[PDB]
């Protein structure tokens, strides 16, 4: 289990270490053969090397089986050419990560934080898989003039095929149900997407496949989000649907995410670097611990342990809620109870 750790800026070092404390505990208990090394990334890298993704780090992520990312960014680098964020872009490109996984889960007992009535928020555990490299965001031709502007939603068979496969594989480890979202009833691209996913699906007889229009899906995620498992769609649709789903739990700080592709996969919390809270303790490590769980599941296929970590933090959230959840548990405090439920 060769893991490249990139703590990053602000609260990154603190939350990342909390994840490591959980990973080390599991390693003792199960002998996972964990081997990790921490590398400079983000603003810290700019300040120490001049660039956000220095040579030693690039080589380090390339030699690893997975990447545990902290957080990047800060007002100190809101000026200049070299921005901490280009580091994310370079990391993603260097490994050809083409799929973005964003889970939205309403942990039992925490239905009160959801914008939805508790009856409907209960049981939500959906995973949005978004195509990251193609679509209208990168399509040609594109342009603008005084009189008009245009952008192209384009997709080739291979692009749809690969993202679809990660959705199916992801589904096998969950509740084996996938819903591909398109706009097949009006757009050629939609029809193309649908028929391609229907074809790819033939090789996964153990997983159920359903199709939905993006407009209907927007309604479903608000009326009955609990009925879904894995959702796969294009770049722009995945962007919109990911954000919509992200508000379901009622606290962005609890969200982890992952980017899968041809190279080393990346796991990272969704929240920002929160530099004014750095070093005080208090930072909520939930998202980073949940990213570690995502790593165990997607990078190593250790689904059972990932679920073990998940239940652990679920209990911890009710038991010693972090400040951001109206509680007073500090970073170490919260992690301690997670560890206690991991025994």
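Numbering follows the first chain given and starts at 1.
Segment of higher mean CA temperature factor, 58-66 or 284-292: Comparing 58-66 with 284-292, the higher mean C-alpha B-factor belongs to 58-66.
Higher-scoring stretch by recorded Cα B factor average, 68-76 or 115-123: Taking the mean C-alpha B-factor of 68-76 and of 115-123, the larger value falls to 68-76.
Options 164, 178, 170, 89 - largest CA temperature factor per the record: Answer for 164, 178, 170, 89: 89, with the highest C-alpha B-factor.
Residue 148, C-alpha B-factor rank within chain (lowest, middle or highest third): Tercile = highest for this residue's CA B-factor.
Assigned third (lowest, middle, highest) for the C-alpha B factor of residue 43: Within its chain, residue 43 is a middle-third residue by C-alpha B-factor, going by the deposited values.
CA B-factor placement of residue 223, once the chain's modelled residues are sorted into thirds: It belongs to the middle third of the chain when residues are ordered by C-alpha B-factor.
Among modelled residues of the same chain, the CA temperature factor third for residue 250: Highest third of the chain for residue 250's C-alpha B-factor.
CA B-factor placement of residue 194, once the chain's modelled residues are sorted into thirds: Its C-alpha B-factor, which the entry lists for residue 194, ranks in the lowest third among residues of this chain.
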